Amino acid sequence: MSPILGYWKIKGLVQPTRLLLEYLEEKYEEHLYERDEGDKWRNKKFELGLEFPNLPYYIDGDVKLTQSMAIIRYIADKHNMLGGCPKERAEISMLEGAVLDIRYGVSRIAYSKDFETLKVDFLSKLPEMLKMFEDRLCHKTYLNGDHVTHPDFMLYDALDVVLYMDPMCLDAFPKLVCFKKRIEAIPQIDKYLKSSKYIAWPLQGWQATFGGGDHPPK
């Protein structure tokens, strides 16, 4: 039957998996927990059969899985998108972790009261990270060529996210901008983003110092 994807009803860790499932035109159900609903989760937490209980979880009946990167790589794996030979698979994994750099970087410093003096710091590093993708896309449509791999949706979510921190960070990175529009112009992604299903906010969990609330940026 339909896979279950469970996470908080935020963007957070699972957003790229959602966009990949949407792109692959795959059926899945979600358990979203809303913010009053910790208790819900803590209960079910250990009755679900996960060996490493966590959120997000992905249950299949081939598979019960709890790490966001194990989940997105599995879905991709199931569709042959993962690699191809050690070299190609390493390519994709290096792209993966090159965008976690950016995205986990937001997250390190969201939740600090010190966010604001932290922010200024992390924005000095951003453009050097960005330039690396911009250079990558200087001759490709997608991160790995003419074909969407899972890290393209990781990068879309990173870009989506760092644009709330500093709406000007992609002036200067015109390929990166077009890449963004390009993902939004895939018709499954277009549909989904118009969907009742699309969770537009928060970026992180509701309590965080940036991306939280049910809000506005910074």
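Note that the rigid core is defined as the largest set of C-alphas that superpose within 1.5 Å between two forms. Numbers for residues come from their place in the sequence shown, where the first is 1.
For the pair 39-47 and 63-71, rigid core superposition yields a higher RMS C-alpha distance in 8 other deposited structures of this protein in 39-47. Once the structures in 8 other deposited structures of this protein are superposed via the core, the pair 24-32 and 54-62 is resolved in favour of 54-62 as the more displaced stretch (C-alpha RMS). When the two stretches 42-50 and 150-158 are set side by side, the higher mean Cα temperature factor goes to 42-50.
With 141-149 and 91-99 compared on mean CA B-factor from the PDB entry, the stretch scoring higher is 141-149. The maximum CA B-factor among the listed residues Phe122, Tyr74, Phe133, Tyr104, taken from the PDB record, is found at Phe122. Annotation for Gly61: C-alpha temperature factor in the highest third relative to the rest of the modelled chain, per the entry. The deposited CA B-factor of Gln204 belongs to the middle third of values across its chain. Annotation for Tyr192: CA B-factor lies in the middle third of the chain's modelled residues. When the CA B factors of the chain's modelled residues are split into thirds, the value for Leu32 lands in the highest one. Sorting the modelled residues of the chain by their CA temperature factor places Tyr198 in the middle third.
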